[PDB]
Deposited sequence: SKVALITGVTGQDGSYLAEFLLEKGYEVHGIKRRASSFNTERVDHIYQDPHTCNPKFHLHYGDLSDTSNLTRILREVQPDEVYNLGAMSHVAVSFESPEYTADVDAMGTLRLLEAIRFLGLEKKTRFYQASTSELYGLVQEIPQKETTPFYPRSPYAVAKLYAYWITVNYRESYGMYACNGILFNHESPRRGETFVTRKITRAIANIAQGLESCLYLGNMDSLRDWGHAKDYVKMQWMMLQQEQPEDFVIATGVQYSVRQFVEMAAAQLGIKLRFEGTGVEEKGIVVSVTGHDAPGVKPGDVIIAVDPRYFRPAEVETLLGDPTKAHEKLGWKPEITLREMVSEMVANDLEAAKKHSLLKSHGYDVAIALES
């Protein structure tokens, strides 16, 4: 059968991609950031990773790394660049060293954080990059080295510019998981308030499962091509809160504007929100993080749809329901 190597195999995207590929009968090898094999290594050691590629002889390689500058907070800038930027070059160079240009197809996970400034909305494949963090500059290098090996050596190598994508596995530092975790704990009486920033902020949220599928599709073509991977639909942080609360039978009312805005509990249906009652104030704004910033990230996945036929199949509400259910289960183990 087909063989694949996944770097960053234990993150949200790696775990879902590994499942997706195993289901298709692939033999899956991975390294952290039955027919599944884990290897030691982090992409900082050329010898170790070339050895692994030599033993694995993968048909496909998925270079997933960290997805956000926030998920990389505790690493040194040099370590992040060595693995997310140089690691990409090492993988491409190893494929050449081993004479695998004709057998191995390469996928690199870029990020919407490459847009930094923004300017034009929505953002598409032609929209110019302007990195705003060391992490994003490292990703800029990874994006361009991949384009360069494609253009210079005719290698099948391409980039997936990923916009936000969540799931029950999403890291607790992202706002979506913060909200579902908090709503569940509040409903179960383990906490009392959820503090957020500007609730007007508009986001483009997709489901990790739909995105890892597009990543795989991007390696099944006749020629390599880069693609923006997003939903192209906007929702407010406030709508996300309402949706999450609605999954637990809590209807919310919002009173006040800006840093003064507050979420009041109007009614409660069902038996999953015992720790909440009408009148309760459970959502508020933290001035330390409030900011009325314009110019907004919103991806245009038209090319993906036109050339590949890819479209997100899971809806935002199903994603929220799945995340809420998972956090609710953990929460009741403690009420």
### Query
Which regions of the deposited sequence are unaccounted for in the modelled residues, listed N- to C-terminal?
34-54, 316, 358-372
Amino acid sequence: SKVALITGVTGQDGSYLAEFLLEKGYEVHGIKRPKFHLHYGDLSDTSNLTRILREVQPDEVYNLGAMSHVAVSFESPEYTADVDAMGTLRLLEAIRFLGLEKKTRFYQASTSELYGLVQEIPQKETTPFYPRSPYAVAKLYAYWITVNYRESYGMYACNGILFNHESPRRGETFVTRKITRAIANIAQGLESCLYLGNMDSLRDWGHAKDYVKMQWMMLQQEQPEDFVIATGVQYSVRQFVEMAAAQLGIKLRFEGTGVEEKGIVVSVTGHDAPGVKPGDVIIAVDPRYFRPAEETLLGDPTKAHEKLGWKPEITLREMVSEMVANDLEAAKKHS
From here on, numbers count along this sequence of modelled residues.
### Message
Test of understanding: from the entry's C-alpha B-factors, which stretch has the higher mean, 229-237 or 247-255?
### Response
247-255
### Message
When the Cα temperature factors in the entry are averaged, is it 188-196 or 102-110 that ends up higher?
### Response
188-196
### Task
Select one of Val70, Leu53, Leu43, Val28: the residue whose C-alpha shows the highest B-factor in the crystal structure entry.
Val70
### Query
If you check the C-alpha B-factor for each of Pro77, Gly171, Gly87, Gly160 in the entry, which is highest?
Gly171
### Task
Among all modelled residues of this chain, ranked by Cα B factor, put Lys262 in the bottom, middle or top third, i.e. lowest, middle or highest.
highest
### Summary
Chain-relative C-alpha B factor for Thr176 (record values, thirds): the middle
### Message
Ranking every modelled residue in this chain by its Cα temperature factor as given in the entry, which third contains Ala304?
### Response
middle
### Query
According to the PDB entry, is the CA B factor of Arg288 in the bottom, middle or top third of its chain, that is, lowest, middle or highest?
highest
#### Entry: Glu318 CA temperature factor, ranked by third within the chain
lowest
